[PDB]
Amino acid sequence: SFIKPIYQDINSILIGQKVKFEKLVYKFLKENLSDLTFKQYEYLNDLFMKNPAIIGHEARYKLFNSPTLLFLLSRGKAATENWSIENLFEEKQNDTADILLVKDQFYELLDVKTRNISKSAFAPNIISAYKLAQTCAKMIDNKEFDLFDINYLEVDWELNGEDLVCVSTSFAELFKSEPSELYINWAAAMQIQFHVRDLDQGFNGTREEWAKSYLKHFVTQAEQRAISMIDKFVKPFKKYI
Amino acid sequence: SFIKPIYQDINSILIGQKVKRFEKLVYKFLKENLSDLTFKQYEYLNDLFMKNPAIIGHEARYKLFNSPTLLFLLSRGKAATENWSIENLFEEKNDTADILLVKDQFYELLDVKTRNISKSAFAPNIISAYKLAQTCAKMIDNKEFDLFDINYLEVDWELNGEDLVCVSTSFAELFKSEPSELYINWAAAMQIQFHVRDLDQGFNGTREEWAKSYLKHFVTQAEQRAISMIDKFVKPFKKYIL
DNA sequence: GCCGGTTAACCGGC
DNA sequence: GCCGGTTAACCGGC
Ligand SMILES: [Ca+2]
Ligand SMILES: [Ca+2]
Ligand code: NA
Ligand code: NA
Ligand code: NA
């Protein structure tokens with residue numbers, strides 16, 4: 001992680017800060033690691049602007065130089081072909097990542113999770129367990145085991161008067177967690193869910209092993225969900241029909 | 001529907017309306033034209049508890065709904081209900097409804113569906129298929145077949161300069177649709193999905209028939225999803241762990 | 001045309 | 001502690 005080494009710095013600047021979008025972690029990152037930091041759409045704009053000679057989606061999709069990163073970051077074919085310096089990508093809540101840090105052809109996908117710590121703790125959607133499954137599949141098929149990390153920054157806040165105030169933060173790395181410990185909440189858009197501060201970081205094996213261990217986990221949890229569907233959505237309603 | 005009789009009015013008033021870059025506008029209109037019938041869901045709960053100050057605790061307060069199904073559809077949780085006070089009112093919350101219209105103890109649950117008419121069409125979450133199943137089961141168990149409607153108001157809008165502007169609307173009633181034709185998107189929080197504009201409205205049966213028919217549909221779709229998951233989420237990935 | 005996956009967290013049961 | 005269902009619409013593949 002490019003962020004981990006300066007976590008103490010970030011934590012100190014965020015705590016006590018106030019919003020009247022605490023995802024102004026971007027501001028700090030952009031101002032301290034200006035060459036590395038992009039919002040996802042910015043990175044895509046940047047990428048395409050720097051290759052004016054490349055037109056149409058097929059060619060622009062080659063710019064990624066990576067099937068896995070293509071899958072994680074790129075917009076759709078029509079959006080890509082229609083892109084121009086006069087028609088730039090804008091932010092979208094559907095984008096995989098909030099912030100991208102990129103250096104030496106290595107990518108850190110950062111996802112900020114904001115959290116009102118005044119309320120009963122509710123583990124947020126982290127990422128589609130299905131998207132992550134495809135990601136691991138693609139990592140394996142293309143042997144891309146040293147290309148990117150997916151990391152999370154929890155920003156805790158509470159209402160104090162007229163404004164929300166940050167009171168703490170946490171940071172963790174998806175690929176340092178034990179895959180079998182990942183909670184997959186099928187109803188909630190098949191999303192993995194955890195609080196960043198609770199994420200175990202004790203995985204010892206390789207990235208490839210992580211990917212293989214995750215796929216086994218995912219496949220296993222899918223089977224369990226299908227079974228659970230009978231018990232929760234079928235059996236209790238049989239009697240009315 | 002309490003809205004239906006003035007929908008022509010509603011449709012005309014809303015078209016041309018702008019919001020700075022619409023549900024609130026729908027509410028304002030209903031308030032002005034049906035002031036006595038119109039509430040935000042939290043507003044209705046607040047009103048109910050305000051007129052029963054001697055009724056404290058969640059149990060006693062739950063008894064005020066006088067309906068298992070409505071309790072299920074409208075109430076807040078136990079702690080929230082017990083902690084309610086005049087100084088600690090409910091505010092907007094995954095509440096079932098956007099707006100309630102109630103008259104003579106009949107309830108219309110209204111959900112506004114806003115829609116960017118400029119983008120590729122994408123049918124939005126309408127309501128949880130599972131919440132709906134539970135609802136149907138409670139209607140049956142309690143024989144509450146003439147108590148409430150669940151209705152939808154689509155508000156189409158496009159970006160025009162610095163403003164969002166409404167260009168058209170549509171209205172439809174859930175319980176007038178054919179239950180077996182409702183699309184359950186399991187991945188999408190198990191939500192029924194449709195565009196209000198597209199919802200068929202020719203259902204021929206009683207409310208109880210609707211409920212039973214929906215339950216059959218729900219149970220069938222759940223069984224098929226269970227199987228589909230192996231096909232979609234297991235098979236394609238088994239090769240990496242064989 | 002047809003089809004269904006994803007982002008944002010967020011409440012409250014026992 | 002442990003567990004998981006709901007609201008907001010929204011995008012792009014053949
Ligand atoms: Ca985020
Ligand atoms: Ca709504
Ligand atoms: Na995410
Ligand atoms: Na709502
Ligand atoms: Na809804």
Side-chain angles (χ1 to χ4, degrees), chain A residues 22-23 40 57 71-72 74-82 91-98 111-118 120-134 154-157 183-196 198 225 228 232-233, chain B residues 22-23 41 58 73 75-83 93-98 111-118 120-134 152 154-157 183-196 198 225 228 233:
Chain A
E22 222 100 17
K23 212 194 62 61
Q40 183 168 141
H57 60 89
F71 171 73
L72 282 172
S74 65
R75 297 290 171 81
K77 299 180 174 183
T80 298
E81 194 141 27
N82 283 337
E91 195 154 36
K92 55 190 273 75
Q93 40 57 103
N94 187 33
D95 275 351
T96 298
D98 283 324
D111 190 338
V112 177
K113 316 314 288 187
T114 64
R115 176 194 175 176
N116 181 349
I117 42 66
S118 292
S120 174
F122 210 159
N125 290 176
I126 293 310
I127 195 180
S128 164
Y130 178 59
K131 176 183 286 190
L132 188 60
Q134 291 170 99
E154 191 187 318
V155 181
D156 307 319
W157 59 268
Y183 186 60
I184 301 175
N185 185 336
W186 291 94
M190 309 195 286
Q191 298 273 321
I192 288 155
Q193 294 181 330
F194 55 67
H195 302 282
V196 175
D198 293 337
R225 176 55 167 190
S228 65
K232 198 155 188 184
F233 306 125
Chain B
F22 278 108
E23 184 265 318
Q41 176 170 338
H58 63 80
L73 293 164
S75 65
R76 296 288 174 81
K78 290 174 196 278
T81 299
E82 187 148 43
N83 291 160
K93 177 180 90 165
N94 54 170
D95 274 348
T96 302
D98 284 323
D111 191 330
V112 180
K113 293 290 149 196
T114 66
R115 174 183 181 186
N116 187 157
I117 222 60
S118 198
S120 171
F122 210 154
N125 298 351
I126 289 304
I127 190 181
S128 172
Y130 179 54
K131 179 185 286 199
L132 219 199
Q134 294 171 105
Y152 299 84
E154 180 179 342
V155 173
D156 305 316
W157 62 267
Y183 185 72
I184 301 171
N185 189 337
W186 293 96
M190 316 189 285
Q191 296 275 314
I192 301 288
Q193 297 176 331
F194 56 69
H195 292 105
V196 183
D198 292 336
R225 182 60 175 183
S228 274
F233 301 127

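In the text below, chain A, chain B and the rest are named by the order of the sequence lines, each starting its count at 1. Keep in mind that the numbers below use all heavy atoms, side chains included, and drop hydrogens, waters and symmetry copies.
- Here the side chains of B:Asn125 and B:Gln193 are in contact, with some heavy-atom distance below 4.5 Å.
- Contact check, A:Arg115 against C:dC11: no side-chain N or O comes under 4.0 Å of OP1 or OP2.
- For A:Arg75, no side-chain nitrogen or oxygen approaches OP1 or OP2 of C:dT6 to under 4.0 Å.
- Nearer to the 5' terminus of DNA chain C, by closest-nucleotide assignment, is the contact made by A:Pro124 (compared with the other of A:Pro124 and B:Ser75).
- Of the candidates C:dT6, D:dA9, C:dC14, C:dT6 carries the atom nearest the A:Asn94 side chain, counting heavy atoms from C-beta on.
- Between the side-chain ring of A:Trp186 and the base of D:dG5, no stacking contact exists by the 5.5 Å and 30° definition.
- A:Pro124 and A:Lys113 get closest at one heavy-atom pair: CB-CE, 4.4 Å.
- Note on A:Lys92: every side-chain N or O is 4.0 Å or more away from OP1 and OP2 of C:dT6.
- Residue B:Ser128 places at least one side-chain N or O closer than 4.0 Å to OP1 or OP2 of D:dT6.
- No N or O donor and acceptor, one from the side chain of B:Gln191 and one from the base of D:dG5, sit under 3.5 Å apart.
- Computed from coordinates, the A:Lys113 NZ to C:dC10 P distance equals 10 Å when rounded to whole Å.
- Closest contact between the side chain of B:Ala188 and the listed nucleotides C:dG4, C:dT7, D:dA9 involves D:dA9.
- Using cut-offs of 30° and 60° for the angle between ring planes, the A:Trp186 and B:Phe233 rings count as tilted.
- For A:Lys77, whose side chain is taken as the heavy atoms from C-beta onward, the closest listed nucleotide among C:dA9, D:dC14, D:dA8 is D:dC14.
- You'll find that the side chain of A:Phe233 is closest to D:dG5, out of D:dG5, C:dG5, D:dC10.
- For the pair B:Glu23/B:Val155, no side-chain contact is recorded, criterion being any heavy-atom separation below 4.5 Å from C-beta on.
- Between B:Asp111 and B:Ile126, every side-chain heavy-atom pair lies at or beyond the 4.5 Å cut-off.
- Between B:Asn185 and B:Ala129, it is B:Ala129 whose nearest contact on DNA chain D lies nearer the 5' terminus.
- With sequence neighbours excluded, the residues satisfying ring-ring contact (aromatic ring centres under 6.0 Å, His included) with A:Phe194 are A:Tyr152.
- Listed pair B:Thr114 / D:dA9 meets the phosphate criterion, a side-chain N or O lying under 4.0 Å from OP1 or OP2.
- For C:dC10, the OP1/OP2 oxygens have no side-chain nitrogen or oxygen of B:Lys93 closer than 4.0 Å.
- With rounding to whole Å, A:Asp198 atom CG is found 12 Å from D:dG1 atom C1'.
- Residue-nucleotide stacking is not present for A:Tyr183 and D:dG4, judged by a side-chain ring centre under 5.5 Å from the six-membered base ring centre and planes under 30° apart.
- Taking CD of B:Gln191 as the reference point, atom CG of B:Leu132 lies at 10.0 Å (rounded to 0.5 Å).
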Checklist entry - Do B:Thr114 and B:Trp157 pass the side-chain contact (heavy atoms from CB on, under 4.5 Å) test, and can you show the C-alpha distance, the side-chain angles, and the key distance before you say yes or no? => result CA-CA 7 Å; B:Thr114 66; B:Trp157 62 267; 4.1 Å; yes

Checklist entry - According to the Watson-Crick and G-U wobble definition with distances under 3.5 Å, which dot-bracket string, read 5' to 3', encodes DNA chain C, using [ ] for crossing pairs and | for pairs with another strand? => result ||||||||||||||

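- Look at A:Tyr130 and you won't find any side-chain N or O under 4.0 angstrom from OP1 or OP2 of C:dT6.
- Using a 4.5 Å heavy-atom cutoff, the side chains of B:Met190 and B:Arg225 are not in contact.
- Look at CD on B:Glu154: it is 10 Å from P on D:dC10, rounded to the nearest Å.
- One can place CG of B:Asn125 at 11 Å from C1' of C:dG5, the figure rounded to the nearest angstrom.
- Residue side chain B:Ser120 reaches the base of D:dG12 through a donor-acceptor N/O pair under 3.5 Å, judged by distance alone.
- For the pair A:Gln193 CD and C:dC10 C1', the computed distance is 10 Å after rounding to whole Å.
- For A:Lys131, whose side chain is taken as the heavy atoms from C-beta onward, the closest listed nucleotide among C:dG5, D:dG4, C:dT7 is C:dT7.
- Remark: P of D:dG12 and NE2 of A:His57 are 13 Å apart, rounded to the nearest angstrom.
- A straight line from CD1 of B:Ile184 to P of C:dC3 spans 15 Å, rounded to a whole angstrom.
- At whole-Å resolution of the value, CG in B:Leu132 and P in D:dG5 are 16 Å apart.
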